[PDB]
Amino acid sequence: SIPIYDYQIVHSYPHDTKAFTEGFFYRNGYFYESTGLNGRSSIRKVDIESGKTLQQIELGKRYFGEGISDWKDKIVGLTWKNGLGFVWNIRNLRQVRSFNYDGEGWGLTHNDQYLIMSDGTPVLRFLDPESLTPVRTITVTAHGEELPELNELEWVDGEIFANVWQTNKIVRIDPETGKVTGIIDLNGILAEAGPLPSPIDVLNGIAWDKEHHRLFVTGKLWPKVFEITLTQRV
Ligand SMILES: [Ca+2]
């Protein structure tokens, strides 16, 4: 009754196996990743093919960085427990503004009007990109059930794709109703990943290139980012 989708790997690119991926998006032929690298949080511009870093800033010691997303000429980023967000110039990564919000920050994406954030609960926040305060929320449900643990996000083709932390699934959420309209099953994808690092952590990170319709998924300490297409199951 809830349509399930299987992946096909189109390509697979090296990813930093030391990087706890907290936020991930695609822009300008580049990856942008919010990364934990030994308790320190950095934000990073990655070359897609090499997985190498082309540019980074570090967050201050007291912040744990989470979701990131572009917005026009900016990167917006969340913190885990600080209630503080940042706005950077996407070009030189110089901090430009801070803002406050309640609760935790996990994932962050955007559609044409709004920044969209998760925080591990079933409740997604739509933010005014200007005031940076919520104007709508939706509650996320799968077969009528509240779906908590919503993590990294990505707006894909009219929908919110969200990692569900500690599963290998991605949910497609109708932004209007908050209903899960679809489930992407990435179980076993790691078997396709080449030799695994020690340690390795969980699926998390979805980026999308609107122009070419390319979907990229990764995860914390993963050795690959995967470009994937979807096929609806049987
Ligand atoms: Ca994302």
# chains A, B, ... in the order shown; residues from 1 in each chain; ligands from 1
>>> residues_around(residues="residue 170 of chain A", least_positions_apart="5", cutoff="6 Å", atoms="only C-alpha atoms", output="JSON, numbers by chain")
{"A": [162, 163, 183, 184]}
>>> write_last_selection(atoms="C-alpha atoms", output="mmCIF file, in the first residue's frame")
data_model
loop_
_atom_site.group_PDB
_atom_site.id
_atom_site.type_symbol
_atom_site.label_atom_id
_atom_site.label_comp_id
_atom_site.auth_asym_id
_atom_site.auth_seq_id
_atom_site.Cartn_x
_atom_site.Cartn_y
_atom_site.Cartn_z
ATOM 1 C CA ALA A 162 14.312 12.450 4.409
ATOM 2 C CA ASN A 163 16.730 9.877 5.835
ATOM 3 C CA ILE A 183 9.819 4.517 0.735
ATOM 4 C CA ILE A 184 13.296 4.192 -0.774
#
>>> residues_near_ligand(ligand="ligand 1", cutoff="10 Å", atoms="only C-alpha atoms and all ligand atoms", output="JSON, numbers by chain")
{"A": [22, 23, 24, 25, 26, 31, 32, 33, 34, 67, 68, 69, 70, 107, 108, 109, 110, 151, 152, 153, 154, 155, 156, 160, 161, 162, 163, 204, 205, 206, 207, 208, 216, 217]}
>>> write_last_selection(atoms="N, CA and C atoms", output="mmCIF file, in the first residue's frame")
data_model
loop_
_atom_site.group_PDB
_atom_site.id
_atom_site.type_symbol
_atom_site.label_atom_id
_atom_site.label_comp_id
_atom_site.auth_asym_id
_atom_site.auth_seq_id
_atom_site.Cartn_x
_atom_site.Cartn_y
_atom_site.Cartn_z
ATOM 1 N N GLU A 22 26.639 15.199 8.259
ATOM 2 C CA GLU A 22 25.415 15.740 8.925
ATOM 3 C C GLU A 22 24.449 16.548 8.029
ATOM 4 N N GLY A 23 24.867 16.820 6.772
ATOM 5 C CA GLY A 23 24.159 17.717 5.856
ATOM 6 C C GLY A 23 24.858 17.641 4.522
ATOM 7 N N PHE A 24 24.095 17.642 3.441
ATOM 8 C CA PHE A 24 24.650 17.280 2.154
ATOM 9 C C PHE A 24 23.687 17.868 1.163
ATOM 10 N N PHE A 25 24.243 18.580 0.189
ATOM 11 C CA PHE A 25 23.479 19.090 -0.985
ATOM 12 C C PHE A 25 24.385 19.267 -2.172
ATOM 13 N N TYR A 26 23.734 19.461 -3.324
ATOM 14 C CA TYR A 26 24.422 19.613 -4.577
ATOM 15 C C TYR A 26 24.209 21.040 -5.086
ATOM 16 N N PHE A 31 29.589 19.162 -4.461
ATOM 17 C CA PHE A 31 28.909 18.720 -3.257
ATOM 18 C C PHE A 31 29.173 19.739 -2.148
ATOM 19 N N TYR A 32 28.193 19.901 -1.263
ATOM 20 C CA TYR A 32 28.407 20.704 -0.077
ATOM 21 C C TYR A 32 28.020 19.788 1.021
ATOM 22 N N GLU A 33 28.909 19.646 2.001
ATOM 23 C CA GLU A 33 28.669 18.723 3.099
ATOM 24 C C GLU A 33 28.908 19.365 4.473
ATOM 25 N N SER A 34 27.978 19.132 5.368
ATOM 26 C CA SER A 34 28.225 19.454 6.751
ATOM 27 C C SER A 34 28.896 18.261 7.430
ATOM 28 N N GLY A 67 22.335 20.055 9.619
ATOM 29 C CA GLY A 67 21.823 20.231 8.273
ATOM 30 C C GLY A 67 22.337 21.478 7.611
ATOM 31 N N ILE A 68 22.657 21.375 6.323
ATOM 32 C CA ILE A 68 22.929 22.535 5.488
ATOM 33 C C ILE A 68 22.137 22.524 4.225
ATOM 34 N N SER A 69 21.999 23.713 3.641
ATOM 35 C CA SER A 69 21.257 23.904 2.398
ATOM 36 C C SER A 69 21.630 25.228 1.776
ATOM 37 N N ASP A 70 21.540 25.319 0.460
ATOM 38 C CA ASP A 70 21.773 26.577 -0.134
ATOM 39 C C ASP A 70 20.474 27.374 -0.072
ATOM 40 N N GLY A 107 18.204 17.922 9.929
ATOM 41 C CA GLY A 107 18.306 18.209 8.504
ATOM 42 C C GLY A 107 17.657 19.510 8.025
ATOM 43 N N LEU A 108 18.017 19.902 6.816
ATOM 44 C CA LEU A 108 17.630 21.178 6.277
ATOM 45 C C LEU A 108 17.692 21.032 4.769
ATOM 46 N N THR A 109 16.594 21.448 4.132
ATOM 47 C CA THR A 109 16.571 21.662 2.724
ATOM 48 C C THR A 109 15.732 22.919 2.410
ATOM 49 N N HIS A 110 15.243 23.045 1.181
ATOM 50 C CA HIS A 110 14.433 24.172 0.772
ATOM 51 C C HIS A 110 13.574 23.860 -0.469
ATOM 52 N N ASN A 151 15.920 12.881 9.490
ATOM 53 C CA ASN A 151 17.280 13.388 9.550
ATOM 54 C C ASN A 151 17.611 14.232 8.320
ATOM 55 N N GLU A 152 18.648 13.899 7.564
ATOM 56 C CA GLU A 152 19.008 14.755 6.489
ATOM 57 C C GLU A 152 17.841 14.846 5.483
ATOM 58 N N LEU A 153 17.669 16.014 4.884
ATOM 59 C CA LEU A 153 16.618 16.229 3.959
ATOM 60 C C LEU A 153 17.114 16.649 2.585
ATOM 61 N N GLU A 154 16.211 16.457 1.621
ATOM 62 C CA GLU A 154 16.442 16.991 0.300
ATOM 63 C C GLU A 154 15.120 17.106 -0.450
ATOM 64 N N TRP A 155 14.904 18.262 -1.057
ATOM 65 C CA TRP A 155 13.700 18.491 -1.816
ATOM 66 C C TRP A 155 13.925 17.887 -3.168
ATOM 67 N N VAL A 156 13.145 16.865 -3.494
ATOM 68 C CA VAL A 156 13.280 16.190 -4.788
ATOM 69 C C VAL A 156 11.922 16.185 -5.515
ATOM 70 N N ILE A 160 9.729 16.121 -0.239
ATOM 71 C CA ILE A 160 10.777 16.087 0.787
ATOM 72 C C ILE A 160 11.279 14.645 0.941
ATOM 73 N N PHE A 161 12.543 14.409 0.597
ATOM 74 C CA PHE A 161 13.217 13.155 0.878
ATOM 75 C C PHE A 161 13.906 13.343 2.188
ATOM 76 N N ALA A 162 13.762 12.353 3.060
ATOM 77 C CA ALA A 162 14.312 12.450 4.409
ATOM 78 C C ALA A 162 14.892 11.088 4.746
ATOM 79 N N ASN A 163 16.133 11.079 5.239
ATOM 80 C CA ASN A 163 16.730 9.877 5.835
ATOM 81 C C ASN A 163 15.960 9.683 7.103
ATOM 82 N N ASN A 204 22.964 8.481 5.653
ATOM 83 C CA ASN A 204 22.531 9.834 5.937
ATOM 84 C C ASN A 204 23.196 10.762 4.946
ATOM 85 N N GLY A 205 22.370 11.499 4.184
ATOM 86 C CA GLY A 205 22.888 12.465 3.226
ATOM 87 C C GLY A 205 22.237 12.251 1.883
ATOM 88 N N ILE A 206 21.449 13.214 1.427
ATOM 89 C CA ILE A 206 20.772 13.088 0.132
ATOM 90 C C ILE A 206 20.938 14.433 -0.506
ATOM 91 N N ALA A 207 21.450 14.429 -1.730
ATOM 92 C CA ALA A 207 21.645 15.645 -2.525
ATOM 93 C C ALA A 207 20.974 15.440 -3.867
ATOM 94 N N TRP A 208 20.557 16.535 -4.503
ATOM 95 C CA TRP A 208 19.806 16.441 -5.728
ATOM 96 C C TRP A 208 20.229 17.531 -6.656
ATOM 97 N N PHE A 216 21.806 11.830 -5.258
ATOM 98 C CA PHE A 216 23.017 11.299 -4.653
ATOM 99 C C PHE A 216 22.737 10.979 -3.201
ATOM 100 N N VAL A 217 23.137 9.789 -2.757
ATOM 101 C CA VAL A 217 22.960 9.403 -1.382
ATOM 102 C C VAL A 217 24.309 9.012 -0.825
#
>>> residues_around(residues="residue 141 of chain A", least_positions_apart="5", cutoff="10 Å", atoms="only C-alpha atoms", output="PyMOL selection string")
chain A and resi 122-123+146-148+173-174+177-181
>>> write_last_selection(atoms="N, CA and C atoms", output="PDB file, in the first residue's frame")
ATOM      1  N   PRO A 122       8.750  13.877  14.436  1.00  0.00           N
ATOM      2  CA  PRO A 122       7.979  13.733  13.176  1.00  0.00           C
ATOM      3  C   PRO A 122       7.619  15.071  12.537  1.00  0.00           C
ATOM      4  N   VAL A 123       7.969  16.154  13.203  1.00  0.00           N
ATOM      5  CA  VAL A 123       7.493  17.499  12.856  1.00  0.00           C
ATOM      6  C   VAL A 123       8.579  18.272  12.079  1.00  0.00           C
ATOM      7  N   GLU A 146       2.699   8.502  13.271  1.00  0.00           N
ATOM      8  CA  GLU A 146       3.748   9.533  13.353  1.00  0.00           C
ATOM      9  C   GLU A 146       5.136   8.929  13.092  1.00  0.00           C
ATOM     10  N   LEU A 147       5.945   9.562  12.234  1.00  0.00           N
ATOM     11  CA  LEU A 147       7.242   8.992  11.849  1.00  0.00           C
ATOM     12  C   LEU A 147       8.393   9.827  12.420  1.00  0.00           C
ATOM     13  N   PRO A 148       8.961   9.406  13.568  1.00  0.00           N
ATOM     14  CA  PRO A 148      10.042  10.238  14.102  1.00  0.00           C
ATOM     15  C   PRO A 148      11.363   9.862  13.494  1.00  0.00           C
ATOM     16  N   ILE A 173       8.064  12.361   1.352  1.00  0.00           N
ATOM     17  CA  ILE A 173       6.998  13.017   2.072  1.00  0.00           C
ATOM     18  C   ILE A 173       6.333  14.048   1.174  1.00  0.00           C
ATOM     19  N   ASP A 174       5.035  13.894   1.011  1.00  0.00           N
ATOM     20  CA  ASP A 174       4.179  14.967   0.515  1.00  0.00           C
ATOM     21  C   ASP A 174       4.264  16.188   1.448  1.00  0.00           C
ATOM     22  N   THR A 177       0.644  17.484   3.052  1.00  0.00           N
ATOM     23  CA  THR A 177      -0.054  16.687   4.066  1.00  0.00           C
ATOM     24  C   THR A 177       0.883  16.082   5.071  1.00  0.00           C
ATOM     25  N   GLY A 178       2.141  15.906   4.678  1.00  0.00           N
ATOM     26  CA  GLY A 178       3.137  15.302   5.549  1.00  0.00           C
ATOM     27  C   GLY A 178       3.078  13.801   5.480  1.00  0.00           C
ATOM     28  N   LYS A 179       2.243  13.257   4.598  1.00  0.00           N
ATOM     29  CA  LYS A 179       2.124  11.815   4.473  1.00  0.00           C
ATOM     30  C   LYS A 179       3.308  11.228   3.721  1.00  0.00           C
ATOM     31  N   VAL A 180       3.797  10.079   4.196  1.00  0.00           N
ATOM     32  CA  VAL A 180       4.820   9.405   3.478  1.00  0.00           C
ATOM     33  C   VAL A 180       4.093   8.841   2.267  1.00  0.00           C
ATOM     34  N   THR A 181       4.551   9.230   1.088  1.00  0.00           N
ATOM     35  CA  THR A 181       3.982   8.735  -0.156  1.00  0.00           C
ATOM     36  C   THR A 181       4.840   7.623  -0.753  1.00  0.00           C
TER      37      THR A 181
END
>>> atom_distance(atom1="atom CA of residue 9 of chain A", atom2="atom CA of residue 199 of chain A")
23.2 Å
>>> atom_distance(atom1="atom CA of residue 78 of chain A", atom2="atom CA of residue 100 of chain A")
9.7 Å
>>> residues_around(residues="segment 82-85 of chain A", least_positions_apart="6", cutoff="6 Å", atoms="only C-alpha atoms", output="ChimeraX atom specification")
/A:98-102
>>> atom_distance(atom1="atom CA of residue 15 of chain A", atom2="atom CA of residue 51 of chain A")
4.9 Å
>>> closest_residue(among="A:48, A:10, A:215, A:225", to="residue 194 of chain A", atoms="only C-alpha atoms")
A:225
>>> closest_residue(among="A:201, A:6, A:157, A:16", to="residue 111 of chain A", atoms="only C-alpha atoms")
A:157
>>> closest_residue(among="A:4, A:117, A:228, A:142", to="residue 80 of chain A", atoms="only C-alpha atoms")
A:117
>>> closest_residue(among="A:21, A:55, A:167, A:28", to="residue 222 of chain A", atoms="only C-alpha atoms")
A:21
>>> select_by_dssp(residues="segment 13-196 of chain A", states="strand (DSSP E)", output="ChimeraX atom specification")
/A:13-14,20-27,30-36,41-47,53-58,65-71,74-79,84-89,95-100,108-110,115-117,123-127,134-139,141-142,145-146,150-156,159-164,169-173,180-185
>>> closest_residue(among="A:19, A:74, A:56, A:224", to="residue 191 of chain A", atoms="only C-alpha atoms")
A:224
>>> closest_residue(among="A:29, A:175, A:197, A:65", to="residue 209 of chain A", atoms="only C-alpha atoms")
A:29
>>> residues_around(residues="residue 90 of chain A", least_positions_apart="3", cutoff="7 Å", atoms="only C-alpha atoms", output="VMD selection string")
chain A and resid 73 to 75 93
>>> write_last_selection(atoms="C-alpha atoms", output="PDB file, in the first residue's frame")
ATOM      1  CA  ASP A  73      23.899  33.053  -2.743  1.00  0.00           C
ATOM      2  CA  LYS A  74      24.016  31.495   0.699  1.00  0.00           C
ATOM      3  CA  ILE A  75      24.566  28.340   2.746  1.00  0.00           C
ATOM      4  CA  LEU A  93      32.183  30.792   3.195  1.00  0.00           C
TER       5      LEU A  93
END
>>> residues_around(residues="residue 176 of chain A", least_positions_apart="6", cutoff="12 Å", atoms="only C-alpha atoms", output="PyMOL selection string")
chain A and resi 124+126+136-141+158-160
>>> write_last_selection(atoms="N, CA, C and O atoms", output="short mmCIF file (atom, residue, chain, number, x, y, z; two decimals), in the first residue's frame")
data_model
loop_
_atom_site.label_atom_id
_atom_site.label_comp_id
_atom_site.auth_asym_id
_atom_site.auth_seq_id
_atom_site.Cartn_x
_atom_site.Cartn_y
_atom_site.Cartn_z
N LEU A 124 8.24 18.62 10.83
CA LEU A 124 9.12 19.39 9.95
C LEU A 124 8.73 20.83 9.98
O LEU A 124 7.53 21.16 9.85
N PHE A 126 8.87 24.67 8.29
CA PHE A 126 9.06 25.57 7.12
C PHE A 126 9.45 26.96 7.61
O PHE A 126 8.70 27.61 8.37
N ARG A 136 5.04 27.53 9.02
CA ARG A 136 4.17 26.38 8.95
C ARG A 136 4.98 25.23 9.54
O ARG A 136 6.22 25.28 9.55
N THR A 137 4.28 24.20 10.03
CA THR A 137 4.87 22.91 10.28
C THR A 137 3.98 21.87 9.64
O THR A 137 2.78 22.12 9.41
N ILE A 138 4.55 20.71 9.33
CA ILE A 138 3.72 19.57 9.00
C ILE A 138 4.14 18.41 9.89
O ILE A 138 5.28 18.36 10.37
N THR A 139 3.22 17.48 10.10
CA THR A 139 3.53 16.30 10.90
C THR A 139 3.61 15.10 9.98
O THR A 139 2.70 14.83 9.18
N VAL A 140 4.71 14.36 10.10
CA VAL A 140 4.96 13.29 9.12
C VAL A 140 4.41 11.95 9.54
O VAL A 140 4.73 11.46 10.64
N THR A 141 3.63 11.34 8.65
CA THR A 141 2.98 10.07 9.00
C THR A 141 3.21 8.97 7.96
O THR A 141 3.27 9.24 6.76
N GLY A 158 9.21 18.06 -6.27
CA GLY A 158 7.98 18.32 -5.48
C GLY A 158 7.89 17.62 -4.13
O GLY A 158 6.85 17.67 -3.45
N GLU A 159 8.94 16.92 -3.72
CA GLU A 159 8.83 16.19 -2.47
C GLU A 159 10.00 16.39 -1.52
O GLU A 159 11.11 16.78 -1.93
N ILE A 160 9.73 16.12 -0.24
CA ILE A 160 10.78 16.09 0.79
C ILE A 160 11.28 14.64 0.94
O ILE A 160 10.51 13.76 1.32
#
